[PDB]
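> structure of the sequence below:
(chains A, B, C, D, E, F, G, H, I and J, ligands or ions: 2)
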Amino acid sequence: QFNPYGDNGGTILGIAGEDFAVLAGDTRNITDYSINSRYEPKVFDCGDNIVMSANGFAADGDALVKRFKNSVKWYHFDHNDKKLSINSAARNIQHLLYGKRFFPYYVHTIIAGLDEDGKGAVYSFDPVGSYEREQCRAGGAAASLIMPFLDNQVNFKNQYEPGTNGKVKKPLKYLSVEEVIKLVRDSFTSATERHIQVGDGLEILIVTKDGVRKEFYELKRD
Amino acid sequence: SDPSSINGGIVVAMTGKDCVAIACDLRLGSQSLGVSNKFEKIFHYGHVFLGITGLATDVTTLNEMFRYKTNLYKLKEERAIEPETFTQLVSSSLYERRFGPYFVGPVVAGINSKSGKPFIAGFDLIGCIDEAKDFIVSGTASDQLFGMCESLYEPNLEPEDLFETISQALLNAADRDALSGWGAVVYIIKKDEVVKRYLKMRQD
Amino acid sequence: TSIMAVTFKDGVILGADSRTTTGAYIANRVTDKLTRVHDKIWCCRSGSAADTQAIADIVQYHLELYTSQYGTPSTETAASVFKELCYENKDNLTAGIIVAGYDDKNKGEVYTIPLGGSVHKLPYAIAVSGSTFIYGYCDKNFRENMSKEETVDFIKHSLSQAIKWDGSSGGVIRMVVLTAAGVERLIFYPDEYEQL
Amino acid sequence: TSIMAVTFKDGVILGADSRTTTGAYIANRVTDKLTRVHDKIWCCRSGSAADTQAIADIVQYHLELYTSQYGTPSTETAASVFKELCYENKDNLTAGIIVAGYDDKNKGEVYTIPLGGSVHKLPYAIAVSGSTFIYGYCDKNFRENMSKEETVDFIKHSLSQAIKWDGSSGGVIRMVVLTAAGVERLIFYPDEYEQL
Amino acid sequence: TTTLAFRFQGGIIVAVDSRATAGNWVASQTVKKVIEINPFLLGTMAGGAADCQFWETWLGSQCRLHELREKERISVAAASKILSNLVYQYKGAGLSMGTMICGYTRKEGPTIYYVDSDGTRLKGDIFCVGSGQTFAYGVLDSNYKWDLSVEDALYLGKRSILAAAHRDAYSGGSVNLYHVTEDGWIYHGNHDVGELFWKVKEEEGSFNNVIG
Amino acid sequence: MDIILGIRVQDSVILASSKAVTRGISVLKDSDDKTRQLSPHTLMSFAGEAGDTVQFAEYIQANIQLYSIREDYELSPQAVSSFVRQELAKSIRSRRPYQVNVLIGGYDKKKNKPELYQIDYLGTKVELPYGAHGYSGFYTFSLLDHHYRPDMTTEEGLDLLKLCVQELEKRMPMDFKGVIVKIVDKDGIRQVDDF
Amino acid sequence: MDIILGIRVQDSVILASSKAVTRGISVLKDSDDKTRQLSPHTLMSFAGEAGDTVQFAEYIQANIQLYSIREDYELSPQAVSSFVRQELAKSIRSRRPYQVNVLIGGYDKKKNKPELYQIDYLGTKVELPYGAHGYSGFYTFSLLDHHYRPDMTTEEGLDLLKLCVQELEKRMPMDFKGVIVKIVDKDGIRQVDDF
Amino acid sequence: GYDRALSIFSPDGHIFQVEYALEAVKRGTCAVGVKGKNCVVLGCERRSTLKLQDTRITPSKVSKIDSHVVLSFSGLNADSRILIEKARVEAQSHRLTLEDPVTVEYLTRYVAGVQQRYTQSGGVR
Amino acid sequence: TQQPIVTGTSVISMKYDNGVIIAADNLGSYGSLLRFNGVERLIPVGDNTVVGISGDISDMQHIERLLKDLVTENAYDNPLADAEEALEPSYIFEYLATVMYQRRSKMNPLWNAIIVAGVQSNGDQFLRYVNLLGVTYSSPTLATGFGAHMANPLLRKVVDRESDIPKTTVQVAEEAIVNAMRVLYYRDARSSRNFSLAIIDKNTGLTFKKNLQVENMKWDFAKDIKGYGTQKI
Amino acid sequence: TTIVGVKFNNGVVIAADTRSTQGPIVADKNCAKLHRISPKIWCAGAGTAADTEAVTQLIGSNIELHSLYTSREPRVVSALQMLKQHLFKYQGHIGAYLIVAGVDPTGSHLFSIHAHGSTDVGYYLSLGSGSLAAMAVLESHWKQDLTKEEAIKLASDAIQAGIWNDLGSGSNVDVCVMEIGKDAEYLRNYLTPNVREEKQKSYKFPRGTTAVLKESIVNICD
Ligand SMILES: [Mg+2]
Ligand SMILES: [Mg+2]
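Residues are numbered from 1 along each chain as shown, chains lettered A, B, ... in the order given. Ligands and ions are numbered 1, 2, ... in the order given. Sure, structure below:
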């Protein structure tokens, strides 16, 4: 019987800073034990300083990103070229996803940008459009490998102030864009070593008030 | 109805400079329900340490079995079994039950009393040996531990540093697994002394 | 079921066995599997008897209506109509059709619409067992611009062999010869073809 | 898999393709499907590779032990041992075997043990596709007391046709000639047999 | 998941955990399982996260249209029945919902309706929904009184989630507290279960089984 | 066979076991005692598959009674629990496994300490201050986690048990027809006549 | 939704309906009223699939309340039962059938006679002196067959109902948390406050 | 379906079909509504040119919409029955969904809405 | 919801410095590895695009027709139909990609794997894949079925990354494709000796080679292989 | 897993990758898949790792006892016959897929064994998830009368095709060269093309970071 879903592998990572936000993804596209492409981007500038990735089934992910980019275009037409705020985008994507509640988009969606106060924002969605704002979210094949590391290095979870008998937590604080990209690069090189579906290349889209910048880094090709 | 993920729990082992570390969570559950916060998964036969994750009845049964076999080994050989030899015994004993296996993920840790060489090894439920310089992981949060270990681990750590690394590897892995946690124990193993520390972690 | 269509010098010949089976019971031992969809456009049906009879009857209607408006249709046009029905309704149909037709311009032509619902134009075609087409079946045995008598003997031999090894095929061998001269019906009884 | 055994004037010839498939992947394209169970008793194996190799090895053992005690065994005796293993273990075996042997008394002989586990003695036998034996296969094409050169050409042609229409068969054509003179191994490469 | 809501003299206490799980994997510890329908109405998330989030956000829209047309706050009864009638239409399609619709109006007083995806709509004083409901019900049933103060009622709600968070593998992360008054709901903060457990253990003298 | 509870207090072990036996749509009995005395200071409560429960309990009882006669000595609760676990661990890879869950409550006369052991049908043994089998733990563990103190008296323990039984009678859909309560202390095994 | 009983006595109809609402392993509510007043002298009790029961009951209630306003007239119990049966008979060959069983207890003011109707989810209607749905009939019919008399008083009927509820509480595995009892007579519908 | 726009605008900005509907009302028997301090009274005229009438069964001029709301009318009797039926259905529909009987203002706003819809729908007067 | 009956096997392709190459064998395959012949699975659309299709032959012939229709439609009211407003590979791909995805989303898929090979109007190489699920991806080498498993590794030795495309000539690229087709003839039961190869070069246009045969095959070593282990004769 | 065997002038060479996988997760980044049956008879394993090791050691043990009993160097045909008869008896329930290669008094031999107990002869063979990638390279570059150095190059190239293109294969290339009249040379990590790049950051924790409830000295002595 025809199965309308597939797994194209890949893993994505969204981190929110103080005055910036990054959305990273590996560039490897797979089916079973074969490599389809060593460079197939799945992190996209959608306009209005919103970056998006729909990781999982690449056909559903391409479809959703295409529909959202089109949603941004028609928002400009219908509302006098008004900028689509990240929170407004997030609610729109919920409706796009929940639209297919009984034949879902088989993707984990993450968007990143700045909120209306200019502070870094990341929103993560389940396949049917439940969403939440987060400082830190990994999605896809190697999410389970990356996420507990971020908990420890970003949110400083389980780290206590040396000498305080484990009574005083290590204090939360915003990381620089430089310090975040280090954690992203180390997250993906680690995932590349221990997950067969992760490797080939890493593409990071950084979102500041100045716009959307790209950085590319090689990963192991085995 | 997957025997390896009914009771839950994790073991991790790591090598350092003239030392090894092995650590486990203390949770035993019946699926969603937490039953015990004192279920240690690390046993020792002389100076050879064995961690076992998976079905708890098999964890208990294999401990009782390897105590039996290492007790008889010592009486006949007139010396304590070494990690390398014990690894082969775990492998033999598991593959003996090839078509009716123990639902376990055992981890061996210890220092060879002759050569002083740090040794760790891991097995699948039918006894395929994974011998590793760096680290071995087992249990329901094995994916989480692989991620933590592959990023945190560096070679030739001193006992006091290795303790911090393996502790942070286990705690942060167990916090991203529903069926792991409820307390943790870390064994730091030097050539002729062994310290055992209980970690403070969230109890949910 | 063993059916074949062979193009020769003067046109094309359609041959088939006369056996229809329900399980191991021979429902009809004198079946006419050669079906007219136009004066010089015939087809051989394999698959579901209900499905191929339903399709053949609709194609016959379409070629009657085509002839009324646009005059005599090409064999290619008949193959297209067959394919359209078979391809669009592939999910609810089990039908494999061999189309043989004579035009004065194009002479003899053979088209196969197999279970896929695809269309293929061949110099000849054989379908044996459960609508199973053979690509080769003695390539060196078939030559282009064969005589009528050569072509009858070639089909008679091929269908003789199929009946011998296959319980689905049997009874008499029916042939239809499509030429400028007209339409000739041939019947070959077991005692003629069995001793070959 | 296309294998055949043909008895001629001076003995019997064993022919087979060289193609072994796992699904659509060709695991071995130079397979030797001609297996020796005695000096002048060979067999062609079709079905499970593991099952036919296991059976062939046991029959080889039984004929070695037979030869030690009772001297050279008949082809009939080899066929019997094959059948016994195949018939008694039919529920756990997928094996179809063609046995070809030369005696000085009985000359060339061909036996088939199909999937049933039955035994049949024939002048020749062909198995095409999935251990599928053809009763007729051009009866008029085969004559008794054929020459070696006729028989090689007859097998080469038959196996040529099978490879052409069947993706299971392919690669080279291997033959073994069993006569009073001894055992001759023949190999025919694609460029020889494809242009037939 | 553990969500509870109960009626008392001071209004309604609503308490939820914050853990989301995909298999044994903990997807999030920061999930919001209280949906702020509007400033006077709260809903709890159990079953499908998307189903609850989407249809209770939609319910807020329907409630806004009601008060625009009728120039009167919608009754909890009316708000609950809009949602229950909607999920009943989708019955058999595979919606997963276990929610408490909570409001305090002049006419009704403090009112809680349990609404679920097979069309059940129940008015009640105490409701617990989720994998950890049985644990929460235990603490609630033995300590609940109508004449509870607002301070003690808030603690009881928090303590009941902590009970479930401890024992249920699929409950934990943090506790989110709400007090629903006639004038609207008041948020009473996010409480990390990690820090809360040790604090409650020491001060209450409970959880002796656990070493700390 | 549904509800079996156990509480280990300062100087004794309390086992509470439901009285109802249900077969199909009818409650056959409302006075069933789901416990066997293994030795004078060791009691075992059991719940699970019909027939298997009693057959397993009586088999263990006979083996401990045999050891007592042979050695003229009472096996320790730890020793009895280890023996019972091993029998269940054998059962799980048998042709037809015993589907029986047990609580072993005993007073160790050598240590002068009460001991409660929880063993499930797989042979999963655990030593606990309080324990249950099946769904019983889902409604009472939260209550026990709260009130249990290890220096509790027998009377304090019985009151804490009443609270658990009351919570079960309220939130549990099936009627277990109340519980039989037995106390195991230094003086042996006695049944609380009224609960 | 489990137990719904009905007894028609000399001058009234008595409906007894279990108070328990169970979802999964927990009893959500112990005060549920599984009845709707269709008209001032007609009461309907219901049991079956969650959601469907109340949705069906309220739908019937609205249609009878509509007829009452339109004609300024109270539809007879026979008429209400025939309407309800037809709605269930439509439901059984629907895309998704209402799985609801109902008892209709009414006093016919024209005949001055009490009437009890039993309609199952298929639309199987029957007029009875006493009725039940599901397993409830299995424990009480034998008792009703024995003691029921057509000239019983309301007080005699309530005592006979107590006997039925006592037999259910004894031999029925689940706890239905008692019953709400409602009497339908010439003076309308009233609830027995204590049972 | 019959689609014709019967209610349309005239050059002077009037909708003659709506205004000619008011003429039908003016022809109707008189109806009066007087509300007191703790009551409302609806008085209705019945033309006396009809003797040999059966007052038992003859449609009453005042109709109950619900147990608490009543509707009287002037104009085409047949037309009134369609508004009364729609109003009675909406009263039971409101009780079913809002779990509360209609306010008098709500029931009015519904009936007025029905009357309005028939002034700019095709194929209806 | 269907099952393929007659199918075509692997389509392989790679980019070189000035264009793209694509090849496909001329065989139709039945269910139980029975063989049809004379099937062309390379579809030239205009002078700048070749579409290679694998999978159901019936669905291939349908897509062939859509592309033929597409060319006719583009010519309508288009004076620049053979110049600036001629069909581009990117346009033809996106159309097919759209059709595949909306067919899978109706649970009535076209049972095909498609590679669109061409050169854009600015001379940019275009190579992109779409299948029955509407999944799309681009790479310096692309292949379907067995080609993905056996051809890709061989072609990736020539063009491992984007920077290798300028260094790869048409002579080298054609060699790699022809060699890879021989490997697939050796090891794929559903492959045939007869194949078609198409080169789309920005300077030299589209060259379409038909009735190509696998040559320089190695079979000689087979003579020395006897039995499955112990047999010496 | 990618394993290959290549026959050359005066012997046979087998090679394998060094990646061990639990589903998509890499358990061992440098495990040895080249097993010794006898000093000059080596085995490459694919399928169930426990089964290939277990079956290789059992036959290896029985071969040593047979060698001692017969006072003769063990033959590859003996290892072959003993492996296939064992595997056949278990009807594929022992998931061992082996390439058996070696030199004996009779000469140089190369065989494949399937889990069901079928065997094949070849000059070049490949097995595992990377067999098709490896076989493409062998069918491209293999010729009659290879030298030792040519056969090692072809073998390691065939494994590399697997490492890069197959997700099931990766890390390093192990080779064993069995030449006639010579000791077999085992070349562990013959190639190491997948070295992990330097991390961006050291994740060594300040001492006391971890909260501790209890310390106690463990007694490992008597
Ligand atoms: Mg990788
Ligand atoms: Mg945890």
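> could you point out the longest helix of the chain?
Picked chain A for this. If you go by DSSP state H, chain A has its longest helix at helix A:58-78.
> my bad, the chain I had in mind was chain H
Secondary structure of chain H per DSSP H: the longest helix is helix H:77-98.
> sec struct for residue C:167, please.
Following DSSP: H, G, I helix; E, B strand; the rest coil, residue C:167 is assigned to coil.
> pull the number of nearby residues for the closest residue to chain C within chain B.
Residue nearest to chain C within chain B (C-beta to the nearest C-beta): residue B:1, separated by 37.4 Å. Backbone N, C-alpha and C define where each C-beta goes, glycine included. Per other C-beta atoms under 10 Å in any protein chain shown, the neighbour tally for residue B:1 reads 4.
> that older thread, any part of the longest helix of chain A near chain E?
No: remark: helix A:58-78 sits outside contact range of chain E, by C-beta under 8 Å from any C-beta of the partner chain, the gap being at least 14.6 Å.
> list the buried residues of stretch A:116-129.
A:120, A:121, A:122, A:123, A:124, A:125, A:126, A:127, A:128, A:129 (16 or more other C-beta atoms under 10 Å in any protein chain shown).
> mind checking how far residue C:35 is from residue C:45?
In this view, residue C:35 and residue C:45 are 6 Å apart by C-beta to C-beta, to the nearest Å.
> neighbour-wise, which of those two wins?
Shown here are residue C:35 and residue C:45; by other C-beta under 10 Å, residue C:45 has more neighbours (24 against 20).
> quick check: next helix or strand after the longest strand seen in chain F?
Looking across chain F with DSSP state E, the single longest strand is strand F:100-108. Next along the chain after strand F:100-108, taking DSSP states H and E as the criterion, comes strand F:113-119.
> for chain C, which residue gets nearest to chain A?
For chain C, C-beta to the nearest C-beta, closest residue to chain A: residue C:91, 11.1 Å.
> over to chain B?
Residue of chain B nearest chain A, by C-beta to the nearest C-beta: residue B:147 (3.1 Å).
> from chain H, how far out is the residue lying closest to that residue once chain neighbours are set aside?
Distances taken as C-beta to C-beta, 6 or more residues apart in numbering or on different chains place residue A:145 nearest to residue B:147, at 3.1 Å, with adjacent residues excluded. Residue A:145 sits 51 Å away from chain H, going by C-beta to the nearest C-beta, to the nearest Å.
> wouldn't residue A:145 be in contact with residue B:149 here?
No: when contacts are counted by C-beta atoms under 8 Å, residue A:145 is not listed as touching residue B:149 (9.8 Å).
> of those two, who's got more company?
Neighbour tally, residue A:145 and residue B:149, criterion other C-beta under 10 Å: the higher count belongs to residue A:145, 29 against 25.
> assign the more buried one to helix, strand or coil.
When classified by three-state DSSP, residue A:145 comes out as helix.
> residues touching the longest helix of chain A, excluding its own?
By C-beta atoms under 8 Å, 6 or more residues apart in numbering or on different chains, the surrounding residues in contact with helix A:58-78 are A:5-6, A:8, A:10, A:29, A:40, A:42, A:44, A:46-48, A:50, A:52-55, A:82, A:84, A:88-89, A:92-93, A:96-97, A:104-107, A:109, I:101, I:104, I:133-137.
> ditto for stretch I:58-75
Residues outside stretch I:58-75 that contact it (C-beta under 8 Å, 6+ apart): C:87, C:90, C:116-119, I:4-6, I:8, I:41, I:43, I:45-46, I:51, I:53, I:81, I:85-87, I:92, I:95-96, I:99, I:110-112, I:114.
> in it, what counts as buried?
Residues of stretch I:58-75 classed as buried: I:58, I:59, I:60, I:61, I:62, I:63, I:64, I:67, I:70, I:74 (neighbour count, 16+ other C-beta under 10 Å).
> repeat for stretch H:26-42
Buried-residue list, stretch H:26-42, by 16+ other C-beta under 10 Å: H:28, H:31.
> for that stretch, measure first residue to last.
Its start and end residues considered, stretch H:26-42 measures 18 Å (C-alpha to C-alpha, to the nearest Å).
> that one close to chain G?
No: using C-beta under 8 Å from any C-beta, stretch H:26-42 never reaches chain G; the gap is at least 15.9 Å.
> so residue J:137 is in which element?
Here residue J:137, judged by DSSP H and E, is contained in helix J:131-141.
> the chain: helices as residue ranges?
Using chain A here. For chain A, applying DSSP H gives helices covering A:58-78, A:86-98, A:143-153, A:177-194.
> oops, I was thinking of chain C
C:49-70, C:75-88, C:148-165, C:190-193.
> which helices and strands sit right next to the last one?
Based on contacts counted as 3 or more C-beta pairs under 8 Å, 6 or more residues apart in numbering or on different chains; DSSP states H and E, the elements that helix C:190-193 packs against are helix C:148-165.
> got the residues of chain E near chain B?
Neighbours of chain B within chain E, by C-beta under 8 Å from any C-beta: E:19, E:21, E:24-26, E:29, E:131-132, E:165-173, E:193-194, E:197-198, E:207, E:209-212.
> so which of these sit within strands?
Those of the residues of chain E next to chain B lying in strands (DSSP E): E:21, E:25, E:26.
> for chain C, state which of those residues is nearest.
Comparing those against chain C with C-beta to the nearest C-beta places residue E:25 closest, at 39.7 Å.
> number of nearby residues for the closest one?
17.
> can you tell if the longest helix seen in chain J touches chain I?
Determined from DSSP H, the single longest helix within chain J is helix J:49-70. No: residues of helix J:49-70 are not located near chain I by C-beta under 8 Å from any C-beta, the shortest gap being 14.0 Å.
> that older thread, between residue C:35 and residue C:45, what contacts are shared?
Residues touching both residue C:35 and residue C:45 by C-beta under 8 Å, 6+ apart: residue C:56.
> which residues touch the closest residue to residue A:28 other than its chain neighbours?
Leaving aside its chain neighbours, residue A:28 sits nearest to residue A:200 (4.0 Å; criterion: C-beta to C-beta, 6+ apart). Residue A:200 sits next to A:26, A:27, A:28, A:35, A:38, A:39, A:219, A:221 when contact means C-beta under 8 Å, 6+ apart.
> next: residue B:143.
Shown in contact with residue B:143 (C-beta under 8 Å, 6+ apart): A:144, A:145, E:25, J:25.
> so the last one bridges to which residues?
Here residue J:25 sits in beta bridges with residue A:195, residue J:22, going by DSSP bridges.
> that one is in contact with residue A:198, isn't it?
No: using C-beta under 8 Å, residue J:25 is not in contact with residue A:198, being 10.8 Å away.
> so who does the residue nearest the centre of chain C touch?
For chain C, residue C:44 is the residue whose C-alpha lies nearest the centre (C-alpha atoms, centre = their mean; 3.0 Å). Contact partners of residue C:44, counting by C-beta under 8 Å, 6+ apart, are C:3, C:4, C:5, C:14, C:16, C:33, C:34, C:35, C:97, C:98, C:100, C:127.
> in strands only, show me these.
Judged by DSSP E, strands contain the following of the contacts of residue C:44: C:3, C:4, C:5, C:14, C:16, C:34, C:35, C:97, C:98, C:100, C:127.
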